[PDB]
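**Q** Let me give you the structure first, and then I'll get to my questions.
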Amino acid sequence: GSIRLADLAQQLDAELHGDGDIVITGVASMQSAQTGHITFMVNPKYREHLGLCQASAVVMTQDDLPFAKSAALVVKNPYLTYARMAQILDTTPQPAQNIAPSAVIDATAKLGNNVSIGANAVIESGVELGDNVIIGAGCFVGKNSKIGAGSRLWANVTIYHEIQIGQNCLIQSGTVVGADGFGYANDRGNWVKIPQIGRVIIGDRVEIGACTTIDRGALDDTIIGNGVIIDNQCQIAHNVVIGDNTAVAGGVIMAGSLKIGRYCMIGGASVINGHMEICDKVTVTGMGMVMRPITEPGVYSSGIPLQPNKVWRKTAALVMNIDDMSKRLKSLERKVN
Amino acid sequence: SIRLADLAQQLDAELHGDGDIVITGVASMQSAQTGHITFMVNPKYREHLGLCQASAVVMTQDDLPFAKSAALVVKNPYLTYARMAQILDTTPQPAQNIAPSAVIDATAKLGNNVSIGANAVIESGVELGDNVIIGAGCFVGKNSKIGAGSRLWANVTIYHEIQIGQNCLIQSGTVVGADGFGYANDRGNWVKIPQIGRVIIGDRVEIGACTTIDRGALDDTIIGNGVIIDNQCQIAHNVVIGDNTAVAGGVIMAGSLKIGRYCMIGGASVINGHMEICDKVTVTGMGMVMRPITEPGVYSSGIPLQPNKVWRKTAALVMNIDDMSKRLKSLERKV
Amino acid sequence: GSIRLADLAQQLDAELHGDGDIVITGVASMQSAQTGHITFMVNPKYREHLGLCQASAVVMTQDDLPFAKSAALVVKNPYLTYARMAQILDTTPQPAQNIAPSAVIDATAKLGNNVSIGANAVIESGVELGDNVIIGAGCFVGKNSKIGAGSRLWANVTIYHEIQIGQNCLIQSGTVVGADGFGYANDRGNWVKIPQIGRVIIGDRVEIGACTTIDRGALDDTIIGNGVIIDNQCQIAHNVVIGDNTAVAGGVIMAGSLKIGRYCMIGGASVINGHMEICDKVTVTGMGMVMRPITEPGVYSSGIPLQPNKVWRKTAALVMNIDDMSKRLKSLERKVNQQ
Ligand SMILES: COc1ccccc1OCC(=O)N(C)[C@@H](c1cccs1)c1c[nH]c2ccccc12
Ligand SMILES: CC1(C)CC(=O)c2c(nc3nn(-c4ccccc4)c(O)c3c2-c2cccs2)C1
Ligand SMILES: CC1(C)CC(=O)c2c(nc3nn(-c4ccccc4)c(O)c3c2-c2cccs2)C1
Ligand SMILES: [Mg+2]
Ligand SMILES: [Mg+2]
């Protein structure tokens, strides 16, 4: 939906320098922007390049203004303003509009105002959908689960039974919330299933990427705090608790009963042991092997990175035989002393 | 709801308390209220049992003196907990009866008391045994057979010519029987090898969510009886998993791997193919399995987490460990 | 499906030795093959074993021929011939046939000739499906997405909006193409979602496995080249670019804005970080931890393999304390240097 540059600047709390009557149709990268587009500059090295940008307007700082070759929106934080103006001008469609005739909705489900449910979605008994909730095509929402106002599920999302999801969440396709945790007792080598009768509680403003799995708790609950962001294909095991505003990048695997504090950042492909705690304000870099609890804030890392194969072969053999190397060092220390 | 005396009988536990107590469900020790039964395994909880508000606590004999409520004595409280949770299970069924929106090929063979959920799709030639439950939105491909008592949750995908035994359970998002990753090369161009093998899943198999089990190239991918597989796992074509083996979340297996019985593969492990792991092998989390394993026991790999400042130095020295080795050899020669 | 051996041999450009009138009904492994099956031998150690194989015909080399105990098709490359003959005798069914009445298709969708759409699939407005496209049951294809002629989706595949897929592609079930990239800004300690309005562009002859995810770009596009093959459980982040004919094995994770060249081979469970480039003809072995750009072709590797747990505990402790070992070595060198 087009907008006048002056009106866009007002909504962004930005200082307009140029023609307020310019009509902005959408956001584009600096290299792709054309007439009608607004873009942004975060790297002052592109000041000399602005004359090569064909956008109708550019978001920049006060220091950048003398280098402009277009209408400019001056702000303190061009990146944040970019996020805000991309939401104003978002072209992303909704997962559904209205309630599709092919959706199958139990008579006991409770629908709020302005709820949309896509084709062939399945809503179980007792489900409660808040105002403005959107359920994509082909989703399944299990018995008695509740989804808060403004939350949206893309196509082919699976929500099991007794799940609680807060307001203004966003869940991408393929995600499964509330499957059985990996709970079994061993009986003379045979695995005896332990029913998982806990739930999943997801807070407000949670975003979950595609094909992520969040299992329900065994007795008490798996809990996702407010404002948490989770990338694609993470495994959040039963009775994991993730604190508010924590970010979990793609492909992270967590074991059961792990507690992650608030304000943490878990890098992609990390692996985290269970029945332990990570305190607030912890950053684990990508592929971290998290075996022990983390009790102090800060940045933690693991992994021996890539080498040419010929070189790696020796690195690996030497590390595997490092005990012998250690004994040789000690022996030579004694001989010299 | 069940009387404590009757529950203790079905669990073969010795009752120490009022058997007329009504038990309505299971709860954790910290959450239990009147009417709940709970359990304890770690002796550290003996001391605040007076604070637990459960109507009954499953415990061992040595725990009995510390009991502050009715108690059921057993040898293995965790196994008894498993059993009593099944008796008191509240989990609903994926479906009940056959939904009008389900699309079922007329040549499908359905046993007695088969339930198929809304908008599930059943292909031609499919055979569903007695008491099988198919969740909403599932797909079951041509000529696949699912044994009596087995259950699929919503949005499970079974390809064609798949065989699943009795009393299995498959969680949502899982895909059984996709093409294995098989290709020939014709001057840099990948040439697809059709994957016309199958997947054979035994009895009492439980598979997690968003797990993938590829069909074999010519012969079959085989999952033994009693196997349990967690979420986000990849089981490549022609993998064979022995009975009662457990695979934790996020495990990736390459093609033609053979795993024995009673194994335990820790989460996020990576197991390479065309090799065998013997019975009774445990691989700890993130294990990097490159070589065959021929002796039972516990195996591990990986350098664990350190503070970033410390890790920088560790990784740099490790990557230059060959120079360290050469310097040590030189020093030995000089001395 | 069934074919005379002589005709099969002709289509494979193979030299027939034996009865061309034999009727071949399918392909089977050497151990499983029975009458009517054709099989193949790539390992000459099985020459002594051919008398135990009950296939009606065996594909082999000229050097193998004296060891045959059946009709033989002689070729230069038995493995490639096996791929070709398995395609000829393929028993894999199609994901769908015709347009299912339970499918929900927007009136503005444009369908080519001989399109098939499986039961309960959902096709959004503006979608374009090329000739001979097959959409499996339960799929979702989002607004304005385009799927090229001959391309096929198995059941329960999710294609978001504004996605472009080329010709003769194949996508296995549970895969998600075009979900939001992992993009967020920071407003005084609060995550602010960055709309991901780029796309995914997939070329021709691309094969993608099951439960793989390929996110759309933030502004510009995530791009998959022609002839690329991608295994199960892979994660391709926003704005990744993959060059033609590259192969990505199962469970690989690629972070945002990674560019991978042509003819690369990425081993299973590798982790490739973003905002960097990997040149043509690079092989990364399994579980490789890629933190830096790769500018020369060749084979690269990382990882310390498995050991018995008691041994690993000692290895891990010594490695974690390697800075102390380095300092002791340097001290000893000074002593040996008489300083
Ligand atoms: C050197 O060991 C480690 C290295 C890193 C993490 C943990 C490590 O030790 C603990 C461990 O291995 N587990 C708890 C595994 C097993 C459970 C039973 C047998 S193995 C596991 C299961 N589900 C999981 C999900 C994620 C991660 C691990 C698991
Ligand atoms: C949420 C945010 C705006 C900022 C952020 O913190 C972050 C983001 N995207 C990431 N992708 N990957 C990744 C993905 C796959 C493989 C390897 C790495 C990370 O590790 C990512 C991280 C983090 C870095 C360190 C801790 S979290 C985007
Ligand atoms: C595409 C191809 C026809 C040939 C190929 O190169 C390849 C294939 N399948 C693989 N599976 N795994 C794997 C999967 C899971 C865990 C561990 C390993 C690899 O690493 C694989 C590789 C590669 C090896 C080295 C680089 S890519 C089949
Ligand atoms: Mg329908
Ligand atoms: Mg992984």
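Chain labels follow the order of the structure tokens: the first chain is A, the next B, and so on; residue numbering restarts at 1 in every chain, and ligands are counted from 1 in their shown order.
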List the neighbours of residue 224 (chain A) out to 6 Å using only C-alpha atoms; skip same-chain residues closer than 3 positions along the sequence, and give me the result as a ChimeraX atom specification.

**A** /A:202-203,242

**Q** Could you please extract the residues within 12 Å of ligand 4, counting only C-alpha atoms and all ligand atoms, and hand them back as a PyMOL selection string?

**A** (chain A and resi 100-105+118-122+137-139) or (chain B and resi 99-104+117-121+136-138) or (chain C and resi 100-105+118-122+137-139)

**Q** Take the residues from that selection and put them in a file with C-alpha atoms, as a CSV table (one decimal), in the first residue's frame.

**A**
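Output saved as result-v9.csv:
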chain,number,residue,atom,x,y,z
A,100,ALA,CA,-12.4,-21.6,4.6
A,101,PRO,CA,-15.4,-24.0,3.8
A,102,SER,CA,-12.9,-26.9,3.7
A,103,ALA,CA,-11.6,-26.2,7.3
A,104,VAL,CA,-12.9,-28.7,9.8
A,105,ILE,CA,-13.8,-26.9,13.1
A,118,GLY,CA,-7.2,-21.6,6.0
A,119,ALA,CA,-8.3,-24.4,3.7
A,120,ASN,CA,-8.3,-27.9,5.2
A,121,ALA,CA,-7.0,-26.8,8.6
A,122,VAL,CA,-8.4,-28.9,11.5
A,137,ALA,CA,-4.0,-24.0,5.5
A,138,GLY,CA,-3.6,-27.6,6.6
A,139,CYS,CA,-2.7,-26.8,10.2
B,99,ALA,CA,-13.9,-38.3,9.4
B,100,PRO,CA,-16.1,-37.3,6.5
B,101,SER,CA,-13.3,-35.1,5.2
B,102,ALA,CA,-10.8,-38.0,5.0
B,103,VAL,CA,-10.0,-39.0,1.5
B,104,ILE,CA,-9.7,-42.8,1.4
B,117,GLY,CA,-8.8,-38.1,11.2
B,118,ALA,CA,-10.1,-35.1,9.2
B,119,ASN,CA,-8.5,-34.5,5.8
B,120,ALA,CA,-6.2,-37.5,6.1
B,121,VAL,CA,-5.4,-39.1,2.7
B,136,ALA,CA,-5.7,-35.6,10.9
B,137,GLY,CA,-3.9,-34.5,7.7
B,138,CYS,CA,-1.8,-37.6,7.3
C,100,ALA,CA,-8.5,-34.2,-6.8
C,101,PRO,CA,-12.0,-32.9,-5.9
C,102,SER,CA,-10.8,-32.3,-2.3
C,103,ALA,CA,-8.0,-30.0,-3.5
C,104,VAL,CA,-8.7,-26.3,-2.9
C,105,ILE,CA,-7.4,-24.2,-5.9
C,118,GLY,CA,-3.4,-34.5,-5.0
C,119,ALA,CA,-6.2,-34.7,-2.4
C,120,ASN,CA,-6.5,-31.8,0.1
C,121,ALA,CA,-3.7,-29.8,-1.5
C,122,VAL,CA,-4.2,-26.0,-1.3
C,137,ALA,CA,-1.6,-34.6,-1.3
C,138,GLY,CA,-1.8,-32.0,1.5
C,139,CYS,CA,0.7,-29.6,-0.1

**Q** Residues within 8 Å of ligand 5 should be enumerated using only C-alpha atoms and all ligand atoms and returned as an mmCIF file with N, CA, C and O atoms, in the first residue's frame.

**A**
data_model
loop_
_atom_site.group_PDB
_atom_site.id
_atom_site.type_symbol
_atom_site.label_atom_id
_atom_site.label_comp_id
_atom_site.auth_asym_id
_atom_site.auth_seq_id
_atom_site.Cartn_x
_atom_site.Cartn_y
_atom_site.Cartn_z
ATOM 1 N N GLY A 251 18.884 -25.081 14.081
ATOM 2 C CA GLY A 251 19.452 -26.405 14.241
ATOM 3 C C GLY A 251 19.995 -26.725 15.613
ATOM 4 O O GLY A 251 20.792 -27.653 15.741
ATOM 5 N N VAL A 252 19.583 -25.992 16.645
ATOM 6 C CA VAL A 252 20.034 -26.264 18.005
ATOM 7 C C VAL A 252 19.266 -27.454 18.565
ATOM 8 O O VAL A 252 18.045 -27.570 18.386
ATOM 9 N N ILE A 253 19.980 -28.348 19.245
ATOM 10 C CA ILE A 253 19.407 -29.553 19.836
ATOM 11 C C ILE A 253 19.587 -29.454 21.344
ATOM 12 O O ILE A 253 20.721 -29.364 21.833
ATOM 13 N N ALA A 269 23.370 -24.640 15.416
ATOM 14 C CA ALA A 269 23.939 -25.985 15.453
ATOM 15 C C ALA A 269 24.553 -26.343 16.803
ATOM 16 O O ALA A 269 25.279 -27.343 16.899
ATOM 17 N N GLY B 250 17.956 -35.384 17.002
ATOM 18 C CA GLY B 250 18.899 -34.733 16.111
ATOM 19 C C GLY B 250 20.030 -35.601 15.607
ATOM 20 O O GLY B 250 21.031 -35.068 15.112
ATOM 21 N N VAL B 251 19.903 -36.925 15.714
ATOM 22 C CA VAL B 251 20.946 -37.831 15.240
ATOM 23 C C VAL B 251 20.849 -37.967 13.727
ATOM 24 O O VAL B 251 19.751 -38.075 13.165
ATOM 25 N N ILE B 252 22.000 -37.966 13.061
ATOM 26 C CA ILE B 252 22.081 -38.078 11.609
ATOM 27 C C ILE B 252 22.859 -39.348 11.285
ATOM 28 O O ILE B 252 24.010 -39.502 11.714
ATOM 29 N N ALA B 268 22.260 -35.539 18.775
ATOM 30 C CA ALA B 268 23.094 -34.764 17.863
ATOM 31 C C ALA B 268 24.338 -35.522 17.413
ATOM 32 O O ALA B 268 25.256 -34.917 16.853
ATOM 33 N N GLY C 251 21.332 -33.288 6.870
ATOM 34 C CA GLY C 251 21.559 -32.604 8.131
ATOM 35 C C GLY C 251 22.520 -31.435 8.093
ATOM 36 O O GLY C 251 23.012 -31.023 9.150
ATOM 37 N N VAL C 252 22.802 -30.881 6.910
ATOM 38 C CA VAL C 252 23.717 -29.749 6.785
ATOM 39 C C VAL C 252 22.986 -28.459 7.132
ATOM 40 O O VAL C 252 21.820 -28.265 6.769
ATOM 41 N N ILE C 253 23.675 -27.570 7.842
ATOM 42 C CA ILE C 253 23.138 -26.270 8.219
ATOM 43 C C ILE C 253 24.015 -25.192 7.599
ATOM 44 O O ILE C 253 25.243 -25.213 7.760
ATOM 45 N N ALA C 269 25.813 -33.396 8.029
ATOM 46 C CA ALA C 269 25.912 -32.781 9.353
ATOM 47 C C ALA C 269 26.966 -31.675 9.429
ATOM 48 O O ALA C 269 27.366 -31.279 10.533
#

**Q** Return as a PyMOL selection string every polymer residue, whether protein, DNA or RNA, with at least one atom no more than 10 Å from an atom of ligand 2; count only C-alpha atoms and all ligand atoms.

**A** (chain A and resi 228-232+246-252+264-270+282-288+299-301) or (chain C and resi 181-186+191-194+235-238+252-257+270-274+289-291)

**Q** Give the residues close to ligand 1, within 6 Å, counting only C-alpha atoms and all ligand atoms; write them as number ranges by chain.

**A** A: 253-255, 271-273, 289-291; B: 248-249, 264-267, 283-286, 300

**Q** Just want the 6 Å neighbourhood of region 154-165 of chain B, counted on only C-alpha atoms, with same-chain residues fewer than 5 positions away dropped. Output as an MDAnalysis selection string.

**A** chainID B and resid 135:147 172:177 198:203

**Q** Choose the residue, out of A:4, A:69, A:143, A:275, that has the smallest atom-to-atom separation from chain B; count only C-alpha atoms.

**A**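 That would be A:143, the residue with the smallest distance to chain B.
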
**Q** What are the residues of chain A lining chain C at 8 Å or less? Count only C-alpha atoms, and put the answer as number ranges by chain.

**A** A: 28-29, 32, 79-80, 83-84, 86-87, 90-93, 102, 119-120, 137-138, 155-156, 172-174, 209-211, 227, 231-233, 245, 249-251, 268-269, 287, 303-309, 312, 316, 319-323, 326, 329, 333, 336

**Q** Chain B residues within 7 Å of chain A, counting only C-alpha atoms: which ones, as an MDAnalysis selection string?

**A** chainID B and resid 27:28 78:79 82 85:86 89:91 118:119 154 171:173 209:210 226 230:232 244 250 262 268 303:308 311 315 319 321:322 332
